[PDB]
């Protein structure tokens, strides 16, 4: 039983793991006022040492990997764009702006948040957030846009994919869960999960296609929801601090959840729907990543850092031996 916490860089965010390359990648936006653009770090799965540092014109935040084409996709939040990088060589394949509009007092260009790649059809799904969000469907072949699934709602940040079942889910700040047919990119349905009049922001969603379950986090409630991907019925409400990121682990039938303010990572037993362990990870745990065999959990951890009183220390990645 080990826990290795190692420093990597400033502005740590999401990661992506690759069995083929036997590597983990970390997206970092670097220093906010001192750096222009950012860096995607290739880290050793065991020692967490940086084995490669990829410099990017645009700051990378969200990440995902297409295991078939061994291509990493990074969301460039502050530049409303997405980046493609070849995992094998670390070369920037190219970028595609998802919203060129200029920020004014009457316009908020949508910004990418989460990314999911359908290995089977080499498609990249990107959630574009704003007052009225969307879901850009990008072609991983030429890096050009195919279409923009409209009306996903307010701050529709969450995004999960069932490649085989051709179902693409997304959660939002309207307390909705939205199911989408990937075959025609059309919304099949949307249900308001809870109805206790309270405010709910379902930031993220991870799937367990095997049982057609979906683990959804809440940033405004102290409970992670487990939903039936077929009818949106609540299958369980796990008690935990307000959640952020969530990742389901088929190999151990359990889900990990990051609690930003709490500075904790929760281990939910997907059989009993009970928090069986809590990893203490201050200051602000951010994203999660799993080794191909689901034996190792990777957590990115951000330093306390106001955007007026920036952190002088680099963020860390915590490798946990599950």
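Numbering follows the first chain given and starts at 1.
Higher mean CA B-factor, judged across 79 to 87 and 139 to 147 from the recorded values: 139 to 147. The PDB entry reports B-factors from which the mean C-alpha value can be compared for 268 to 276 and 38 to 46; the larger average falls on 268 to 276. Comparing C-alpha B-factors across 245, 96, 72, 168 in the deposited entry, the largest value falls on 168. When all modelled residues of the chain are sorted by CA temperature factor, residue 2 is found within the middle third. Annotation for residue 19: C-alpha temperature factor in the middle third relative to the rest of the modelled chain, per the entry. Ranked within its chain, residue 214 lands in the middle third, by CA B factor from the PDB record. For residue 300, the recorded CA temperature factor ranks within the lowest third of the chain's modelled residues.
In this PDB entry, residue 250 carries a Cα temperature factor that places it within the middle third of its chain's modelled residues.
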